[PDB]
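Enquirer:
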Ligand SMILES: c1cnc2cc3c(cc2n1)[C@@H]1CNC[C@H]3C1
Ligand SMILES: *[C@@H]1O[C@H](CO)[C@@H](O)[C@H](O)[C@H]1NC(C)=O
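Protein chains in written order, with the entry's author numbering: chain B, 2 to 265; chain C, 2 to 265; chain E, 2 to 265; chain D, 50 to 292.
#1: So what does residue 142 of chain B bridge to, in DSSP terms?
#2: Is residue 156 of chain D close to ligand 1? I mean its beta-carbon at under 7 Å from any heavy atom of the ligand.
#3: Rounded to the nearest angstrom, what separates residue 99 of chain E and residue 94 of chain C at their Cα positions?
#4: Does the distance between the C-beta of residue 188 of chain B and the nearest non-hydrogen atom of ligand 2 fall short of 7 Å?
#5: So if I threshold CB-CB distances at 8 Å, which residues from the region 99-132 of chain C count as touching chain D?
#6: From this set, C:208, C:248, C:237, C:207, which residue's C-alpha is nearest residue 226 of chain C's C-alpha?
#7: Tell me, to the nearest whole angstrom, how far the beta carbon of residue 263 of chain B is from that of residue 48 of chain B; I am working on the premise that it is less than 8 Å.
#8: Taking only beta-carbon atoms, is residue 168 of chain B less than 8 Å away from chain C?
#9: Does the count of Cβ pairs from the region 207-224 of chain E and the region 252-272 of chain D closer than 8 Å reach three?
#10: Pull up the distance between the alpha-carbon of residue 68 of chain C and that of residue 68 of chain D, whole angstroms please.
#11: Using the three-state DSSP reduction, which class does residue 104 of chain C fall into: helix, strand or coil?
#12: Excluding sequence positions up to five away, which residues of its chain have a Cβ less than 8 Å from the Cβ of residue 114 of chain D?
#13: Should the region 124-141 of chain E be regarded as contacting the region 97-116 of chain E, the criterion being three or more beta carbon pairs within less than 8 Å?
#14: Is residue 167 of chain D near residue 190 of chain D, with beta carbons less than 8 Å apart?
#15: What are the residues that DSSP puts in a beta bridge with residue 128 of chain D?
#16: Quick one: what's residue 151 of chain D bridged to in DSSP?
#17: Please state whether the Cβ-Cβ distance between residue 133 of chain C and residue 143 of chain C is less than 8 Å.
#18: Is the beta carbon of residue 201 of chain E sitting closer than 8 Å to the one on residue 176 of chain E?
#19: Buried or exposed for residue 90 of chain B, going by 16 or more other Cβ atoms inside 10 Å?
#20: Count the other CB atoms, across all protein chains shown, that sit within 10 Å of the CB of residue 215 of chain E; report buried if there are 16 or more and exposed otherwise.
#21: So within the region 183-268 of chain D, which uninterrupted alpha helix (DSSP H) runs reach at least 4 residues, ignoring any that extend past its ends?
#22: So, using beta-carbon positions, are residue 62 of chain D and residue 110 of chain D closer together than 8 Å?
#23: Less than 8 Å between the beta carbons of residue 42 of chain E and residue 32 of chain E, yes or no?
#24: Can you tell me whether residue 254 of chain B is helix, strand or coil according to DSSP?
#25: State the Cα-Cα distance for the pair residue 168 of chain C and residue 38 of chain C, rounded to the nearest angstrom.
#26: Just how far apart, CA to CA, sit residue 134 of chain D and residue 244 of chain E?
#27: Do residue 92 of chain C and residue 15 of chain C have their C-beta atoms closer together than 8 Å?
#28: Against chain D, does residue 194 of chain E count as a neighbour if the rule is that its beta carbon must be under 8 Å from one of theirs?
#29: For residue 219 of chain D, go through chain E and note every residue whose CB falls closer than 9 Å to its CB, in chain order.
#30: Against chain D, with Cβ distances strictly below 8 Å, would residue 261 of chain C count as a contact?
#31: Against chain C, with Cβ distances strictly below 8 Å, would residue 190 of chain D count as a contact?
#32: How close, in whole Å, do the beta carbons of residue 205 of chain C and residue 187 of chain C come, if the pair is a contact with beta carbons under 8 Å?
#33: Chain E partners of residue 198 of chain D, CB-CB under 8 Å?
#34: Spatial neighbours of residue 105 of chain E within its chain, please: CB distance less than 8 Å, with the 5 preceding and 5 following residues excluded, ordered by chain position.
#35: When DSSP labels each residue in this structure, what does residue 215 of chain B get in the three-state scheme?
#36: If you draw a straight line from the C-alpha of residue 51 of chain D to the C-alpha of residue 250 of chain C, how long is it?
Pasting the structure below:
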């Protein structure tokens, strides 16, 4: 009951206008700390250069006009709130293919009595990354992720990291792509000064068995019959069958290897 | 705190109204200065003649009933406003495939104390463009992008340009296609005199390596065996195998360049 | 003007709460007489087993707090109310692919002075029907359509069929598929006591010319060369080409008939 | 214009204009304004439904602002995409000429309460975007009444007819040139002498190449059964004479 009186007190639209930012003395900053916890890597799509992942990002910041004096409300330390009705700092993707920018659920935010707000929505993201294919199928791919704010800049909010390596102990394993290493760091532009972002790197590696079995072994078993045609005798009447069929099987393998790889 | 007092002072519905426009002194026009800024060429799809891009478009105009003196409001030169509760000009695409005309998000508008309003939303756009194919695949396409007004016309608003190219500052490089030039023109019809549009042209060069490797090298390595059935002697009984295999391989390559290129 | 005074009198939101049902006399049923009427069968999709139809769904029922005296409003008998502003029982599909449950347009509704409501919205509907594949291409499919209420049950509303067939005089020839019969049944369940639905059964037939001409004829022409390599004498040295190419053309035709029919 | 599914998707600009009676004033009293522009959710507008829909909006849904005159004449041009369904006849596949239709009308008012009058009998093509594959010959609109099954009033509607040809050079240079070019190789195997050992190589290669061309021409035509295309009967008779 008293929590219901508190939630009618806190989100009162005469008291709390949603789309201003919490600051009090002549334009001071707010600090948004964030880190990323992976859940699984779903797919890396090479025909269109797109990585599909599942990621819970944790943001915590510090508001000031969400405060209650907690012995008046019968020793309550911690409420939940719906996150359509409080302020959000907008933290989006920025290298995003297919155009979904916000998060996918808009869950509850936990508000303590100091004003420190913890928030953790889940998302799937279709990030764009540049696939390099020279050592196919043994390569070491690299796909990045930019988190940038959306309507604000460097003199208003300030993204600070918390852990140099993003969290990986909720990971289900991925089958094909094993994860080698996964750091993350803060970038800031020294001649622009309206630019902060936090970029994560994913350094993933192929497991090379299945593509070896299906496209290196029949490729080598076809292309060892190039030198065979001179060891026929000419009187058999069977040269042209062998060398013409070897050329047509080779160009079929060239077109299928060119349908797997991107058109970079 | 005072920013909430300023938003309460400006958007009062007794003082401000949304459905009318800033035209006084006997039907003056307004000037919408617009220029676009590219993000990435996502795709040029030749088979349905379509082009998917990712454009910020930046509009400035001047709205005279949004003013204050900043000494009353704590030396604020600059606020944000929600982009639905002001006036907008209506600027959309005109040659759009699949019907989605206006911008994506309606991001927040930056309002100064002159009344001069700067605003930029993001958008994705699927424009249609006439594919010039004669030098396939070493070609150089020319894809148009038109912008008109949607409700108004030349005796109420007046579009004008800022600079004569689009901004290529946040253009990440693409992979397949590469830009050459991006001019911008303003057109106007002198037999109608109620028609402006601002059209951008994109002149794109294709990197030619991929289709060379898949389509030009096996075509020249198959058409180099056309005149070689004659030197073959008639005793061996192998003329029909060579000449029938050359004819069927050329028909298979003719159906592949049928299925790629547009059917104009 | 008197139409305006009636439309303001009938939808007073102090008077009329649209979230209740018009029960009188100690919880009688309301009886929703529906009958459906086809417009065209668009497509029967054999590979994913979806039948796409376009249909008009006439529902009529009895209300009791939407009447007037027609002398008091200068002889109106029959007005039009914006649909979805009045009560409506939710009558949807139930065997649905792709999650579109309700109707597509929400048109106007015709109120008499009795309280009888008439309603006819259109829809496109994608039912998921079970394909008999044995006598392909001469077969006779049977597809289902099951209309149930969505939020109510058998103690509250009561579906009644209007006429035993679905109507068909506002339909155009479907070309490839022609109709045989369209019965409609009311199923109640004896055991459950809370289960009424109206199922229609479209019984359709394939016009067998096109798959005969493009599939049965070249299969018969290829399998007529099965018995022929024995009548060919062995000293030509050409038996192997005929029997190998008969087996390769036969297995390519088996895989094409495997990709037309569903994988049941 | 989609021939496998029998559809036609167009991007069209529907122009409507009508009168009312409460939206009128005197321009001398309000500082000499004539025409304003109010958004179109706040007035009455009539309900115009494409009857011929197949995966379509079934009404306009962009809701562009409306121009109201002092005398009550309002006008409205909302743009729409539309996905109409038409029937495809294909006998002369190389040089076809199709006829696809649209059927606008009002949904729930009849002829003694609302009434369509078509304005100009052409479809106005002052900003057609030249598609390259098809050219419009004709585009006319005929006014109709029809009496339906439910109700005893009659209902007006307007049927538009689109007569379009196919510019035929692409399928000429890529489909009937290789088919007619390997069709002159069918009668040749009798000239070839029988102690070469190379006759049935030629008969098997010609039969399998015509079978590939018939199973590739079955993609582009629809699966109807009223007609057969005239290229397919020639390919079937050539396959009969080759076996
Ligand atoms: C009242 C309410 N809905 C109706 C729907 C339709 C008709 C009359 C109606 N009368 C026919 C005329 N237009 C669409 C169908 C058919
Ligand atoms: C991975 O890609 C990013 C983006 O270019 C780059 O900063 C980084 O150095 C790369 N690392 C490796 C190991 O390739």
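We put the beta carbon where it would ideally sit given N, CA and C, even for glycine.
Expert: Working from what's here:
#1: B:205
#2: yes
#3: 31 Å
#4: no
#5: From the region 99-132 of chain C, only 99, 100, 102, 129, 131 have a Cβ closer than 8 Å to chain D.
#6: C:248
#7: 6 Å
#8: no
#9: yes
#10: Rounded to the nearest angstrom, the two C-alpha atoms are 40 Å apart.
#11: coil
#12: 86, 87, 88, 89
#13: yes
#14: yes
#15: D:62
#16: D:209
#17: yes
#18: no
#19: buried
#20: The Cβ neighbour count for residue 215 of chain E, taken over all protein chains shown within 10 Å, is at least 16; the residue is labelled buried.
#21: 226-231
#22: no
#23: no
#24: helix
#25: 5 Å
#26: 47 Å
#27: no
#28: no
#29: The contacting residues do not exist; residue 219 of chain D stays about 23 Å from chain E at best.
#30: no
#31: no
#32: That pair is no contact at about 22 Å.
#33: 38, 168, 170, 171
#34: 122, 123, 124, 125
#35: Note: residue 215 of chain B maps to helix in three-state DSSP.
#36: 30 Å
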